[PDB]
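A quick write-up on the structure given underneath.
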Amino acid sequence: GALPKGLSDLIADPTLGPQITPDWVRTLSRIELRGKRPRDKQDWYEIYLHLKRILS
Amino acid sequence: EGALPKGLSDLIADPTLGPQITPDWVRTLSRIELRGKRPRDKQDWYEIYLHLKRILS
């Protein structure tokens with residue numbers, strides 16, 4: 001896959017994944033700081049929930 | 001849309017909060033958007049920055 005591994009993990013999670021739309025995957029996939037990214041699926045979900053409240 | 005969100009420009013120009021945002025952070029934050037929608041005002045950007053900085057160490 002071409003997504004960060006923790007994000008691919010989140011999308012494959014059968015309870016947490018299905019709610020995350022393709023637009024959100026794209027938004028999340030662009031988050032990086034000199035290649036450092038949220039490291040695991042919990043990190044990605046944590047930022048997703050907070051961003052969703054700002055941007056949805 | 002502008003490369004640098006206007007609310008993030010406001011954050012960077014803010015004398016109390018602006019100093020904390022390195023140029024790399026500016027460019028990282030500038031890429032956060034959902035279908036062209038971005039965070040609005042300087043405080044919204046700072047709220048995001050604080051949380052994301054803690055996540056990314």
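Throughout, read-outs are computed from the coordinates displayed, never taken from laboratory work. As a convention, Cβ positions derive from the backbone with ideal geometry for all residues, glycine included, and neighbour counts pool all protein chains shown.
More than 9 Å from chain B (Cβ to nearest Cβ), within 29 Å of residue B:22 (Cβ to Cβ), out of contact with any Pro (no Cβ under 9 Å at 6 or more places or on another chain) and not charged (D, E, K, R): is that true of residue A:35 in this structure? Yes; evaluated as a whole, the condition is true for this residue. Across the range B:45-52, a minimum of one residue is classified as away from chain A (no Cβ under 11 Å) and free of Cβ contacts under 8 Å to residues at least 40 places away in the same chain. Restricting attention to the range A:14-25 and to residues that are over 19 Å from residue B:45 (Cα atoms) and under 11 Å from the mean Cα position of the chain (by Cα), the residue that is nearest to the other protein chains (Cβ to nearest Cβ) turns out to be A:23.
Among residues of the range B:1-16 that are assigned to a loop (DSSP other than H, G, I, E, B), those with a beta-carbon under 7 Å from a residue that is surrounded by fewer than 16 Cβ atoms within 10 Å (Cβ to Cβ) at least six positions away or on a different chain give the pairs B:1/B:36.
Would you please name the residue that is surrounded by the fewest Cβ atoms within 10 Å (Cβ to Cβ), looking only at residues in the range A:21-56 that are in a helix (DSSP H, G or I) and in contact with a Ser or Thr (Cβ under 8 Å, 6 or more places away or on another chain)? Even if it seems obvious, please write down each step before you answer.
Keep residues of the range A:21-56 that are in a helix (DSSP H, G or I), which gives A:22-29, A:41-55.
Now restrict to residues that are in contact with a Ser or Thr (Cβ under 8 Å, 6 or more places away or on another chain): A:51, A:55.
Numbers: A:51: 21, A:55: 19.
Ranking the qualifying residues of the range A:21-56, first place goes to A:55.
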